[PDB]
């Protein structure tokens, strides 16, 4: 059957290049690659193209190096980058599946796609931006952005440019060139009032280092067509290095290591984080809220329709890494996150956003790699559901969970597909969490065709707490309680999970009517992991789940279950 849904991701094109992605089927056992054709002429194979353009790809190939016996699910590439094109030119494209036996599928339905016109180019050095070792460049960089006409590319060339909060606008690209480091100011005054997370949030957070934030309005379409690209680094200047400041990773490359702090330690551990918490406490906040709310995140983009993030390295946030709040049509392509172990330094947060795509990312994060959020309590639905996410061809290294939905489930997290990824040293593959009074939940979540090694904690955890007016809770409680259902875990392999907690852990509170339902687990092999602990679950089935080298006596531990089934036989 022909590959489906060949497409250019939102804004993933410029004057000389176009990125293509397509769906891979559920069952890829026979598919070993994809070949891409332009006007029926072979441009190449997806595997080879990713070797060239994806920062995840060498890590992903390397993951299989010691996999004699073919234990690990072999992921396929679902993207191809076309370069060397001409400005304002249409190109037609098809894709074919390449099979084990060497034959090819029928072509996909073609697409035509057109490169853009060569953009006005604005260099920040022409506004007096300077890498001189302590000029603050905020004004220079903001002047360059302000001078932008629609379609402008703003360039930060090689060099380290210290900067305070910057404010982006519609219809522009900020390009961070090779050798460019955008460095956060450590001065809290360089980050003025930014935003409140939700409309009903009461504490104002500072601006991030990079912002698309309208002072009054969060609605999707407040901004449009924002692109941040290039192979340079955005460094938030949040934290000191850890005692072991740098490590050599599994490819022999160096990773930075950021101190893992807490609210009572930030005065010794923080840089911007320290200074911002100090300023907030002296302004009157207790230390807990100052730590929790008053550190600048690296990037906050709110109300943007069409966002393309590509190529850049993220380091050292004072708080979160990349935040998307109420955006539509977001693509993150080939970002490199090196933020281990900055406290709350998650890779990408998606908050009440729709139609989001992450591919070719490398994640080494201080918190969750990819987190989904949708508000809290009765007011949550003041906002869009968190709906439509497609996460593929990424390499997850360290982090609190590769795919996390969310704790904040109020308006619903839904229609999430994470396929053809590799995880190595990550805490957890799939994490789903909520409490009763948050409301909403998550549904239609598929985690499939992923391979995992040396997980630090557990494979998959779905947890639902009660309570009640037992609550020290800031939002109004939800009338309909939080639930999870319609979760699919298929064609997944894990070798080693070094935590002492349950490999597959599903937990609720059936007494208080809190259960999960409609969990479908098919064709999963778990080697050298602990037994499962599955609670509060109904109308679910586990088929062709094989445990080998079990760290315990029996894999299956069930309690408080209704209409569930292994494979194929009632529990």
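Residue numbers count along the first chain shown, from 1.
As the entry records it, the average C-alpha temperature factor is higher for 116-124, out of 116-124 and 285-293.
Between 274-282 and 145-153, the higher mean Cα B-factor belongs to 145-153. The entry assigns its greatest Cα B factor, within the set 400, 241, 219, 433, to 219. When the C-alpha B factors of 500, 74, 337, 196 are read from the deposited coordinates, the top value falls at 500. Sort the chain's modelled residues by C-alpha temperature factor and residue 51 lands in the middle third, per the entry. Annotation for residue 527: C-alpha temperature factor in the lowest third relative to the rest of the modelled chain, per the entry. Ranked by C-alpha B-factor against the other modelled residues of its chain, residue 230 falls in the middle third. Placement of the Cα temperature factor of residue 91 within the chain: highest third of the modelled residues, per the deposited record. Among the modelled residues of its chain, residue 559 has a C-alpha B-factor that falls in the highest third according to the deposited record.
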